[PDB]
């Protein structure tokens, strides 16, 4: 089961729809794909922006889900 957490968008390459978010807890970077973006408009993230999402630690590491602006 994933847990809820906020963080700041570290880098998001719209060209691939892939990016990483740095949790406010200072934990390891969480992988976020455009598919996780529940925000209106084009699915993407703006570096420096605070966001909120759930974190599920898989074999490939922590993955973000249900991502929306904080």
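Ideal geometry is used to build each Cβ from the backbone, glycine not excepted, and the neighbour counts take in all protein chains shown. Just so you know, all these numbers are worked out from the coordinates, no wet-lab data involved.
One table, with the values for the structure above:
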quantity	calculated
Cα-Cα separations in the chain greater than 15 Å, expressed as whole percent	43 percent
Contour excess over end-to-end distance, with Cα ends at residue 24 and residue 69 and 0.36 nm allotted per residue	14.8 nm
Cα centroid of the stretch 49-70 to Cα centroid of the stretch 15-35, whole Å	7 Å
Two-site FRET efficiency, residue 54 against residue 11, from Cβ-Cβ distance with R₀ of 22 Å, rounded to 0.05	0.65
